[PDB]
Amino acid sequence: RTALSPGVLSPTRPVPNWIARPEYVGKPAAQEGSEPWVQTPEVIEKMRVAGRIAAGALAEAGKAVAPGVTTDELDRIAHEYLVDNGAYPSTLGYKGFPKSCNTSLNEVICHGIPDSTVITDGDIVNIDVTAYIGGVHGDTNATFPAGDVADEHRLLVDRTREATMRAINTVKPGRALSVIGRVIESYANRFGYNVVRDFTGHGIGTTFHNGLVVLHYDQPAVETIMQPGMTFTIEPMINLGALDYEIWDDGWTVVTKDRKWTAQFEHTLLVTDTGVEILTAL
(Lines of atoms letter the chains of each structure in order from A and count residues from 1; the text may use other names and numbers.)
(Lines give C-alpha, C1' and ligand atoms only; values in the text may rest on other atoms or scores of the structure.)
Protein backbone atom coordinates (compact mmCIF):
# COMPACT_ATOMS: atom_id res chain seq x y z
CA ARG A 1 0.00 0.00 0.00
CA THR A 2 1.56 3.32 -1.15
CA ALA A 3 1.77 6.34 1.07
CA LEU A 4 -1.08 8.75 0.46
CA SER A 5 -0.69 12.09 -1.38
CA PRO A 6 -3.25 14.83 -1.86
CA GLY A 7 -5.96 14.38 -4.37
CA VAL A 8 -8.36 16.97 -5.77
CA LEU A 9 -11.63 18.35 -4.46
CA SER A 10 -15.18 18.46 -5.79
CA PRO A 11 -17.12 21.76 -5.78
CA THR A 12 -18.79 23.08 -2.66
CA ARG A 13 -21.94 21.16 -1.80
CA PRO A 14 -25.08 23.24 -1.32
CA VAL A 15 -27.19 23.37 1.75
CA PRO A 16 -30.84 24.50 1.85
CA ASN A 17 -30.99 28.13 2.89
CA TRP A 18 -33.47 27.44 5.68
CA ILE A 19 -30.88 25.38 7.62
CA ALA A 20 -29.24 27.91 10.02
CA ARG A 21 -25.55 28.55 9.42
CA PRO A 22 -23.04 28.92 12.22
CA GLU A 23 -21.87 32.56 12.60
CA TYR A 24 -18.57 31.85 11.05
CA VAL A 25 -19.78 30.67 7.62
CA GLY A 26 -18.77 33.29 5.08
CA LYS A 27 -15.98 34.69 7.36
CA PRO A 28 -12.21 34.02 7.44
CA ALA A 29 -12.47 33.16 11.14
CA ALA A 30 -14.85 32.10 13.90
CA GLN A 31 -15.58 33.82 17.21
CA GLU A 32 -14.55 31.13 19.73
CA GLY A 33 -12.20 30.28 22.65
CA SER A 34 -13.82 32.37 25.41
CA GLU A 35 -17.14 30.66 25.99
CA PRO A 36 -18.13 29.31 29.40
CA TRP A 37 -17.35 25.64 29.70
CA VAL A 38 -20.57 24.89 31.59
CA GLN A 39 -23.67 24.97 29.36
CA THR A 40 -27.24 25.91 30.20
CA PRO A 41 -29.88 23.13 30.37
CA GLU A 42 -31.35 24.65 27.15
CA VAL A 43 -28.04 24.26 25.32
CA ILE A 44 -27.49 20.75 26.74
CA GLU A 45 -30.86 19.51 25.44
CA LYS A 46 -30.12 21.06 22.04
CA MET A 47 -26.74 19.31 22.09
CA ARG A 48 -28.50 15.97 22.51
CA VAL A 49 -30.24 16.68 19.18
CA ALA A 50 -27.12 17.79 17.45
CA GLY A 51 -25.20 14.84 18.83
CA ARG A 52 -27.78 12.28 17.71
CA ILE A 53 -27.78 13.76 14.18
CA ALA A 54 -23.99 13.74 13.98
CA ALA A 55 -23.97 10.14 15.20
CA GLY A 56 -26.43 9.21 12.49
CA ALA A 57 -24.45 10.89 9.78
CA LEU A 58 -21.32 9.10 10.98
CA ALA A 59 -23.11 5.73 10.93
CA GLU A 60 -24.55 6.34 7.46
CA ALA A 61 -21.20 7.33 6.01
CA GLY A 62 -19.50 4.41 7.82
CA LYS A 63 -21.86 1.90 6.15
CA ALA A 64 -20.59 3.17 2.78
CA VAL A 65 -16.84 2.50 3.53
CA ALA A 66 -15.73 -0.15 1.05
CA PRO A 67 -12.83 -0.65 -1.29
CA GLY A 68 -13.16 1.50 -4.37
CA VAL A 69 -15.22 4.22 -2.64
CA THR A 70 -13.74 7.70 -2.71
CA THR A 71 -13.46 9.90 0.37
CA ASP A 72 -15.52 12.53 -1.51
CA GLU A 73 -18.31 10.07 -1.70
CA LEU A 74 -18.29 9.53 2.02
CA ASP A 75 -18.56 13.33 2.37
CA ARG A 76 -21.58 13.40 0.02
CA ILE A 77 -23.29 10.80 2.11
CA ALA A 78 -22.59 12.56 5.46
CA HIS A 79 -23.64 15.89 3.94
CA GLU A 80 -26.96 14.56 2.64
CA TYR A 81 -27.80 12.93 5.94
CA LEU A 82 -27.14 16.15 7.85
CA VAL A 83 -29.20 18.23 5.42
CA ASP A 84 -32.08 15.68 5.38
CA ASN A 85 -32.17 16.07 9.16
CA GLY A 86 -32.09 19.91 9.16
CA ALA A 87 -28.50 20.24 10.34
CA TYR A 88 -25.58 22.19 8.96
CA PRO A 89 -22.16 20.48 8.53
CA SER A 90 -20.07 22.44 11.01
CA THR A 91 -16.82 21.97 9.16
CA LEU A 92 -18.19 23.46 5.87
CA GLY A 93 -16.68 26.97 5.82
CA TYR A 94 -15.06 26.64 9.19
CA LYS A 95 -11.69 28.53 8.88
CA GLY A 96 -12.28 28.04 5.09
CA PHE A 97 -12.44 24.28 5.28
CA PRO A 98 -14.09 23.10 1.98
CA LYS A 99 -16.02 19.97 2.99
CA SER A 100 -18.66 18.64 5.38
CA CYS A 101 -16.60 16.08 7.25
CA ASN A 102 -12.99 14.92 7.62
CA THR A 103 -11.87 11.58 6.11
CA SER A 104 -8.50 10.29 7.37
CA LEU A 105 -7.00 7.07 5.98
CA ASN A 106 -4.10 4.95 7.28
CA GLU A 107 -1.14 7.21 8.21
CA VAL A 108 -3.32 10.28 8.30
CA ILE A 109 -3.64 11.17 12.02
CA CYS A 110 -6.50 13.56 11.50
CA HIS A 111 -8.14 16.28 9.50
CA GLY A 112 -8.01 14.70 6.07
CA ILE A 113 -10.02 16.45 3.39
CA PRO A 114 -12.55 14.37 1.41
CA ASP A 115 -11.29 14.16 -2.17
CA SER A 116 -10.48 11.92 -5.14
CA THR A 117 -8.63 9.45 -2.88
CA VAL A 118 -9.88 5.90 -3.53
CA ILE A 119 -10.22 3.53 -0.56
CA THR A 120 -8.01 0.50 -1.15
CA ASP A 121 -8.68 -3.04 0.13
CA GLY A 122 -7.23 -3.24 3.61
CA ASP A 123 -7.38 0.46 4.50
CA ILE A 124 -8.70 1.95 7.72
CA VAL A 125 -10.91 5.01 7.30
CA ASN A 126 -11.74 7.62 10.00
CA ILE A 127 -14.82 9.71 9.30
CA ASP A 128 -15.34 12.75 11.59
CA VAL A 129 -18.66 14.52 11.38
CA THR A 130 -19.85 17.63 13.24
CA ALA A 131 -23.54 18.74 13.13
CA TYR A 132 -24.76 22.31 13.86
CA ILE A 133 -28.43 22.54 14.63
CA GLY A 134 -30.43 24.60 17.10
CA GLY A 135 -27.44 26.86 17.58
CA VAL A 136 -25.14 24.18 18.92
CA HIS A 137 -22.59 21.59 17.77
CA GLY A 138 -22.25 17.84 18.12
CA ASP A 139 -18.93 16.15 17.14
CA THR A 140 -18.17 12.47 16.68
CA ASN A 141 -15.80 10.22 14.72
CA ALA A 142 -14.98 6.59 14.14
CA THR A 143 -12.49 4.50 12.24
CA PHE A 144 -13.88 1.84 9.85
CA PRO A 145 -12.16 -1.15 8.22
CA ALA A 146 -12.35 -1.41 4.39
CA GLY A 147 -12.25 -4.96 3.01
CA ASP A 148 -9.58 -7.40 4.15
CA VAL A 149 -7.88 -5.47 6.88
CA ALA A 150 -4.79 -6.96 8.58
CA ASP A 151 -5.32 -8.17 12.10
CA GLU A 152 -2.81 -5.66 13.38
CA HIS A 153 -4.92 -2.78 12.05
CA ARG A 154 -8.25 -4.34 13.16
CA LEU A 155 -6.84 -4.54 16.69
CA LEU A 156 -5.53 -0.99 16.57
CA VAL A 157 -9.07 0.19 15.64
CA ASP A 158 -10.82 -1.93 18.28
CA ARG A 159 -8.40 -0.92 21.07
CA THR A 160 -8.71 2.78 20.17
CA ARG A 161 -12.47 2.47 20.45
CA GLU A 162 -12.10 0.74 23.80
CA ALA A 163 -9.60 3.36 25.04
CA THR A 164 -12.11 6.01 24.20
CA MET A 165 -14.95 4.21 25.99
CA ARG A 166 -12.84 3.54 29.02
CA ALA A 167 -11.98 7.23 29.26
CA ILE A 168 -15.64 8.18 28.88
CA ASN A 169 -16.46 5.83 31.75
CA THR A 170 -14.13 7.77 34.07
CA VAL A 171 -15.89 11.10 33.47
CA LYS A 172 -17.37 12.23 36.77
CA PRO A 173 -18.04 15.64 38.45
CA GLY A 174 -15.53 16.50 41.12
CA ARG A 175 -12.79 14.38 39.49
CA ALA A 176 -9.75 15.80 37.76
CA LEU A 177 -9.96 16.19 34.00
CA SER A 178 -6.50 14.66 33.86
CA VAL A 179 -7.89 11.26 34.63
CA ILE A 180 -9.06 10.99 30.99
CA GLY A 181 -5.59 11.07 29.45
CA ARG A 182 -4.20 8.89 32.23
CA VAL A 183 -6.68 6.20 31.30
CA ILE A 184 -6.16 6.54 27.53
CA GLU A 185 -2.39 6.47 27.76
CA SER A 186 -2.47 3.46 30.13
CA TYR A 187 -4.65 1.50 27.79
CA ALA A 188 -2.67 2.46 24.67
CA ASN A 189 0.56 1.44 26.42
CA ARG A 190 -0.96 -1.93 27.29
CA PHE A 191 -0.89 -2.87 23.68
CA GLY A 192 2.35 -1.02 22.80
CA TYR A 193 0.71 1.95 21.03
CA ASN A 194 1.59 5.64 21.34
CA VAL A 195 -0.92 8.50 22.05
CA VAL A 196 -0.77 11.66 19.99
CA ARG A 197 -0.05 14.67 22.18
CA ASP A 198 -0.33 17.76 20.11
CA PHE A 199 -3.95 17.10 19.14
CA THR A 200 -6.51 17.18 21.92
CA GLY A 201 -10.17 16.99 22.81
CA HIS A 202 -11.97 20.28 23.25
CA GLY A 203 -14.90 22.02 24.84
CA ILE A 204 -17.85 22.33 22.47
CA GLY A 205 -21.30 23.93 22.79
CA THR A 206 -22.53 27.03 21.06
CA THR A 207 -19.06 27.13 19.54
CA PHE A 208 -17.16 24.31 17.78
CA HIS A 209 -13.87 24.62 19.77
CA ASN A 210 -14.02 26.66 22.95
CA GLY A 211 -10.94 27.21 25.17
CA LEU A 212 -11.21 24.00 27.12
CA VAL A 213 -8.47 21.43 26.19
CA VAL A 214 -8.75 17.76 27.00
CA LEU A 215 -5.41 15.99 26.93
CA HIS A 216 -5.33 12.35 25.84
CA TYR A 217 -2.02 11.54 27.58
CA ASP A 218 -0.96 11.46 31.27
CA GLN A 219 -0.44 15.07 32.33
CA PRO A 220 -1.15 15.47 36.03
CA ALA A 221 -0.09 19.20 36.11
CA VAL A 222 -3.55 20.02 34.75
CA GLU A 223 -5.68 21.24 37.65
CA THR A 224 -9.08 21.44 36.03
CA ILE A 225 -11.92 19.59 37.90
CA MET A 226 -14.88 18.28 35.96
CA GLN A 227 -18.19 20.07 36.73
CA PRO A 228 -21.80 19.30 35.97
CA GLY A 229 -22.90 20.84 32.64
CA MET A 230 -19.45 20.83 31.13
CA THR A 231 -19.46 19.60 27.51
CA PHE A 232 -16.35 18.42 25.70
CA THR A 233 -14.92 15.82 23.39
CA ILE A 234 -12.70 12.87 24.00
CA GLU A 235 -11.06 12.03 20.62
CA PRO A 236 -7.76 10.23 21.05
CA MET A 237 -5.53 9.44 18.06
CA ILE A 238 -3.49 6.31 18.66
CA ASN A 239 -0.37 5.46 16.63
CA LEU A 240 1.44 2.26 15.82
CA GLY A 241 4.61 4.22 15.17
CA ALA A 242 6.35 7.33 16.29
CA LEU A 243 4.59 10.55 17.20
CA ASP A 244 6.45 12.76 14.68
CA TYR A 245 4.06 14.27 12.07
CA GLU A 246 3.83 16.62 9.07
CA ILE A 247 1.05 18.93 7.96
CA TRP A 248 0.30 19.03 4.23
CA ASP A 249 0.20 22.18 2.18
CA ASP A 250 -3.60 22.27 2.46
CA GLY A 251 -2.97 23.31 6.10
CA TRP A 252 -5.25 20.55 7.41
CA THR A 253 -4.06 17.02 6.66
CA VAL A 254 -1.82 15.65 9.46
CA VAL A 255 0.30 12.58 8.58
CA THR A 256 2.81 10.41 10.45
CA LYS A 257 6.40 11.03 9.35
CA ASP A 258 7.09 7.26 9.43
CA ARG A 259 3.85 6.41 7.56
CA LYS A 260 2.70 3.85 10.07
CA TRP A 261 -1.08 3.85 10.51
CA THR A 262 -3.04 5.51 13.31
CA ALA A 263 -6.74 5.31 14.45
CA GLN A 264 -9.15 7.71 16.20
CA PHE A 265 -12.60 7.62 17.83
CA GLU A 266 -14.55 10.58 19.20
CA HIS A 267 -17.61 11.40 21.25
CA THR A 268 -19.13 14.57 22.61
CA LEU A 269 -19.77 14.20 26.37
CA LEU A 270 -21.72 15.89 29.11
CA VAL A 271 -20.63 15.83 32.74
CA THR A 272 -23.81 15.31 34.65
CA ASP A 273 -24.60 15.84 38.39
CA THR A 274 -23.13 12.45 39.16
CA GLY A 275 -21.43 11.03 36.05
CA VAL A 276 -21.45 11.28 32.25
CA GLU A 277 -23.74 11.19 29.26
CA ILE A 278 -22.60 10.50 25.72
CA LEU A 279 -24.38 13.10 23.60
CA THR A 280 -23.29 11.63 20.24
CA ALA A 281 -25.26 8.43 20.74
CA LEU A 282 -27.30 6.69 18.05
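Each residue number is its position in the shown sequence, starting from 1.
Higher mean CA temperature factor, per the PDB entry, when comparing 204 to 212 with 146 to 154: 146 to 154. Once the C-alpha B-factors are averaged per stretch, 262 to 270 and 15 to 23 rank with 15 to 23 first. Ranked within its chain, residue 95 lands in the highest third, by CA B factor from the PDB record. Looking at the C-alpha B-factors along this chain, the one for residue 51 belongs to the lowest third. Among all modelled residues in this chain, the alpha-carbon of residue 217 has a temperature factor (C-alpha) in the middle third. Per-chain ranking of the deposited C-alpha B factor places residue 164 in the lowest third.
Placement of the Cα temperature factor of residue 39 within the chain: lowest third of the modelled residues, per the deposited record.
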